[PDB]
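Asks:
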Amino acid sequence: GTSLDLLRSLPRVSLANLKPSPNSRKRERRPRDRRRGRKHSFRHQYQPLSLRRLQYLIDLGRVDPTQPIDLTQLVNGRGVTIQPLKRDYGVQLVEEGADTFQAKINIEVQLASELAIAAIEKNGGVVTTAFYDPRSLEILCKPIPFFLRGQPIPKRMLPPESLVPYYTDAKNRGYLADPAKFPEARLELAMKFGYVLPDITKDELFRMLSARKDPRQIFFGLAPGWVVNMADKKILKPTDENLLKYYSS
Amino acid sequence: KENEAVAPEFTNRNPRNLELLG
Amino acid sequence: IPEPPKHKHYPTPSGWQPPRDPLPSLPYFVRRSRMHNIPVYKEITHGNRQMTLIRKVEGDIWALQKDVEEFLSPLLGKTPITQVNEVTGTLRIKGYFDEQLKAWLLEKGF
Amino acid sequence: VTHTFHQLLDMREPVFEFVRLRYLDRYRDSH
Amino acid sequence: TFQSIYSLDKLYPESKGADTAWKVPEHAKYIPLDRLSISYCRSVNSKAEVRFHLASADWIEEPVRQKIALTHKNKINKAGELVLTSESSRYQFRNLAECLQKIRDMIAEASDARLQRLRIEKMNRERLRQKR
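Sequences listed follow chains M, P, g, 6 and p, in order. When the letters of the first sequence are read in order and numbered with PDB author numbering, they come out as residues 9 to 47, 86 to 295. Counting from 39, one number per residue, gives the positions in the second sequence under PDB author numbering. Counting from 57, one number per residue, gives the positions in the third sequence under PDB author numbering. When the letters of the fourth sequence are read in order and numbered with PDB author numbering, they come out as residues 327 to 346, 363 to 373. When the letters of the fifth sequence are read in order and numbered with PDB author numbering, they come out as residues 38 to 66, 71 to 84, 95 to 162, 172 to 192.
1) Check each candidate in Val-95 (chain p), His-123 (chain p) and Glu-100 (chain p) and name the one with the smallest Cα separation from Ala-106 (chain p).
2) Using a Cβ-Cβ distance under 7 angstroms, would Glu-57 (chain P) count as near chain 6?
3) Are the beta-carbon atoms of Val-96 (chain g) and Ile-117 (chain g) separated by less than 7 angstroms?
4) Tell whether a beta-carbon distance below 7 angstroms holds between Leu-133 (chain p) and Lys-153 (chain p).
5) Counting only Cβ-Cβ distances shorter than 7 angstroms, please list the residues of the stretch 131 to 164 of chain M near chain 6, keeping chain order.
6) Under 9 angstroms Cβ-Cβ, which residues of chain g neighbour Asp-105 (chain M)?
7) Check each candidate in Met-254 (chain M), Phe-252 (chain M), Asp-215 (chain M) and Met-276 (chain M) and name the one with the smallest Cα separation from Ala-176 (chain M).
8) Cutting at 8 angstroms between CB atoms, please list the residues of its own chain near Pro-39 (chain M), excluding the five before and the five after it.
9) For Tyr-369 (chain 6) and chain M, any beta-carbon pair shorter than 7 angstroms?
10) Who are the Cβ neighbours of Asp-367 (chain 6) in its own chain at under 8 angstroms, not counting the five residues just before and after it?
11) Hey, quick one: how far does the beta strand (DSSP E) through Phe-85 (chain g) stretch, first residue to last?
12) I want to verify the contact list: residues of chain 6 whose CB lies under 8 angstroms from the CB of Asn-41 (chain P), in sequence order.
13) CA-CA distance, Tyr-152 (chain g) and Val-126 (chain M)?
14) Starting from the N-terminal side, write out each stretch of the alpha helix (DSSP H) that is 4 residues or longer and does not extend beyond the stretch 126 to 204 of chain M.
15) Tell me the rounded alpha-carbon separation between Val-113 (chain g) and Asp-13 (chain M).
16) By alpha-carbon positions, which one of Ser-11 (chain M), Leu-194 (chain M), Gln-91 (chain M) and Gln-113 (chain M) ends up nearest to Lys-132 (chain M)?
17) Where residue 3 (chain M) and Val-21 (chain M) are concerned, what is the direct C-alpha to C-alpha distance, given to the nearest angstrom?
18) Is it buried or exposed, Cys-150 (chain p), if we count other Cβ atoms within 10 angstroms and call 16 or more buried?
19) In this structure, does DSSP put residue 297 (chain M) in helix, strand or coil?
20) Indicate whether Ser-52 (chain p) and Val-115 (chain p) have their beta-carbon atoms separated by less than 7 angstroms.
21) Could you tell me the alpha carbon to alpha carbon distance between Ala-173 (chain p) and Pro-229 (chain M), rounded to whole angstroms?
22) Please list the partners that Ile-246 (chain M) has in chain p, where partner means a Cβ-to-Cβ separation under 7 angstroms.
23) For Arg-20 (chain M), does the three-state DSSP call read helix, strand or coil?
24) Hey, could you find the ends of the beta strand (DSSP E) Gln-106 (chain g) is sitting in?
25) When we look at the beta-carbon of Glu-142 (chain M) and count the other beta-carbons within 10 Å, is it buried (16 or more) or exposed?
26) Could you give the DSSP three-state label for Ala-216 (chain M): helix, strand or coil?
27) Are the stretch 212 to 227 of chain M and the stretch 152 to 168 of chain M in contact at 8 angstroms, needing three or more beta carbon pairs?
28) Going by DSSP, what residues sit across from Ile-100 (chain g) in a beta bridge?
29) Would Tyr-81 (chain p) pass as an interface residue toward chain M - the criterion being a Cβ-Cβ separation below 7 angstroms?
30) Specify the secondary structure class of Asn-25 (chain M) as computed by DSSP and reduced to three states.
31) For the stretch 137 to 163 of chain g, which segments carrying the beta strand (DSSP E) assignment without a break, of at least 3 residues, lie completely within its bounds, in sequence order?
32) Is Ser-129 (chain g) helix, strand or coil by DSSP?
33) Quick test of your reading: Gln-156 (chain M) and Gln-129 (chain M), contact by CB under 8 angstroms. State the CB separation rounded to the nearest angstrom.
34) Can you list, in chain order, the residues of its chain whose CB lies under 8 angstroms from that of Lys-150 (chain g), leaving out five sequence neighbours each side?
35) Spell out a yes or no on whether the stretch 185 to 199 of chain M and the stretch 266 to 273 of chain M are touching, meaning 3 or more CB-CB pairs, one atom from each, closer than 8 angstroms.
Given below as structure tokens:
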């Protein structure tokens, strides 16, 4: 960098020496002289995520592979942009990267593609779908603010009757799906591609991957109706019997 | 054996080669 | 932003590969972006002029221009039309040639 | 002909025959 | 672990087992994958080739083998292997899946004048063969 050698020789700069960059400011016309003289809402706005991006996120180590994929973690990793003002209601998956994304991990997405589900399951990953209320999901993305408000964790909502069939569908692998069909369903997906189905139970971390929260439960770690001692870095659980009845209600 | 070498493609020039073959 | 994790085999299954080690001893060094990506961006201006820009140019910019001109002259069929902003340390080239340049940069080891 | 090629011509028989979402939405029809 | 009226065990009383969703069915049904050989050529779409020896393959019953060979003799390679390739999609597994479906169709569907003319022309040649 010979430019630095120029700087050392040159004299000390002063305030007056400052000069605007070339073409930074355009000229203007003034009237002093003759120059200027004379003269859809119902449909959920699902937000997609590319598997190639998922491979990019996984390959770059942006999201910990050991931890199961969590939408909140993706928000913490700035993977996708969700705006409550946009009234985003859903999150979905993408079939892109089907041939360049060879990895297995547990994940939960509001919406999943049938083709993508088998491919990740073929690698050995676990995919499920859960329903988050758009208002509740906004709280999920930003848990700290409601702690500042002092609000307690509410019970997770359930889908409207329009979307119940999708979540209840076994092939969709929703939390409302019948677990009894899953062993049969997984074989059918394996048969469709024809790949040898790897049993999840064989995995050493099977329990960690298969862990799922209650439908009422917003958070894997935290049960609904809980409170957090943010000041003391602790978790507070209600001890009132009526509160338990309220949660049951 | 050097004789074993054979060209990849034939060079048949008979006008009726295809006609007789069908 | 977490630094990329060490991988047993490169290139990564996605296709990302960290800068080659040892780095080239050329007069000009090209640093990677904050996201550890090659600082090459496809750009279009005036709705008709395709462009590609290199940002993180370090060292002798003139040496890089000569090599870039030499590399792109055969493929383009003539000396490339380029604009050099030395103050910003950036190079402007008409047309879209990111793939060839990106591959060529990998050959340099950047 | 097989005999001729092998017995005295001593070479192989010659054989011939005349020979007569976002990213992928752009690729697929749906877009 | 927190549970409520909406917990999986309560929601589906019959499937109260821990592994009701995590079990694997006991085999059942079906082309043998081990017998087949798959090669992927990257022409970008990854071209997929499925090739196996039709006659030697014992999993196919003999009557089906002959019927498949007759209908699809053109698809049998000089080595005797039956080669089928479609590559009708940009996804290799779909290309493989299309190959898999055709085999099932071929298995299910499976489950001379030329000689006479040669005699006629040969007979004509013999009569035509008269300059002694």
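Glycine residues also receive a C-beta, built at the ideal position from the N, C-alpha and C atoms.
Replies: Inspection of the coordinates gives the following:
1) Per the C-alpha coordinates, the member of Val-95 (chain p), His-123 (chain p) and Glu-100 (chain p) positioned closest to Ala-106 (chain p) is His-123 (chain p).
2) No - not a single Cβ of chain 6 is within 7 angstroms of the one on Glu-57 (chain P).
3) Contact flag unset, no.
4) No, Cβ-Cβ distance for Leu-133 (chain p) and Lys-153 (chain p) is not below 7 angstroms.
5) Flagged, chain order: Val-140, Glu-141 and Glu-142.
6) For a Cβ distance threshold of 9 angstroms, residue set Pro-60, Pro-61, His-63, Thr-68, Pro-69, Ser-70, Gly-71 and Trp-72 of chain g lies close to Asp-105 (chain M), ordered along the chain.
7) Out of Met-254 (chain M), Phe-252 (chain M), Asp-215 (chain M) and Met-276 (chain M), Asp-215 (chain M) has the C-alpha closest to the C-alpha of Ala-176 (chain M).
8) Excluding residues within five positions, the ones whose Cβ falls inside 8 angstroms are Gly-45.
9) The beta-carbon of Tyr-369 (chain 6) is placed no less than 7 angstroms from the nearest beta-carbon of chain M.
10) The answer, listed in chain order, is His-373.
11) That run of the beta strand (DSSP E) goes 84 to 86.
12) Per Cβ cutoff of 8 angstroms: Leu-335, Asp-336 and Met-337.
13) In this structure, the straight-line span from the alpha carbon of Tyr-152 (chain g) to that of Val-126 (chain M) is close to 28 angstroms.
14) Runs of the alpha helix (DSSP H) spanning 4 or more residues and lying entirely within the stretch 126 to 204 of chain M occur at 160 to 169, 180 to 187 and 189 to 195, in chain order.
15) Cα to Cα, the separation comes out at about 19 angstroms.
16) Ranked by how close their Cα comes to the Cα of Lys-132 (chain M), the residues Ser-11 (chain M), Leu-194 (chain M), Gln-91 (chain M) and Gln-113 (chain M) have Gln-91 (chain M) in first place.
17) The structure shown does not extend to residue 3 (chain M), since chain M is modelled only from 9 through 295, so no value can be given for it.
18) Counting the other CB atoms within 10 Å of its CB gives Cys-150 (chain p) a total of 16 or more, which places it among the buried residues.
19) Any property of residue 297 (chain M) remains undetermined from this structure, which presents chain M solely from 9 to 295.
20) When the beta-carbon positions are compared, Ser-52 (chain p) and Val-115 (chain p) stay at least 7 angstroms from each other.
21) Going from the Cα of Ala-173 (chain p) to the Cα of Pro-229 (chain M) covers about 55 angstroms.
22) What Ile-246 (chain M) touches in chain p: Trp-59.
23) Coil.
24) Start and end: 105 to 110.
25) Answer is buried; the Cβ neighbour count reaches 16.
26) Here DSSP, grouped into helix, strand and coil, assigns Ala-216 (chain M) to coil.
27) Yes, they touch.
28) DSSP output for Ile-100 (chain g) lists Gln-106 (chain g) as bridge partner(s).
29) Output row for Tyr-81 (chain p): interface = no.
30) In the structure shown, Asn-25 (chain M) falls within a coil segment according to DSSP collapsed to helix, strand and coil.
31) Listed in chain order, the beta strand (DSSP E) runs fully inside the stretch 137 to 163 of chain g are 138 to 141 and 146 to 150, counting runs of at least 3 residues.
32) Helix at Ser-129 (chain g).
33) 16 angstroms between Cβ atoms; not a contact.
34) For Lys-150 (chain g), where only same-chain residues beyond five positions count, the Cβ hits under 8 angstroms are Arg-105, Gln-106, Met-107, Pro-136, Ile-137 and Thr-138.
35) For the pair of segments examined, the stretch 185 to 199 of chain M was found to touch the stretch 266 to 273 of chain M: the number of CB pairs separated by less than 8 angstroms reaches three.
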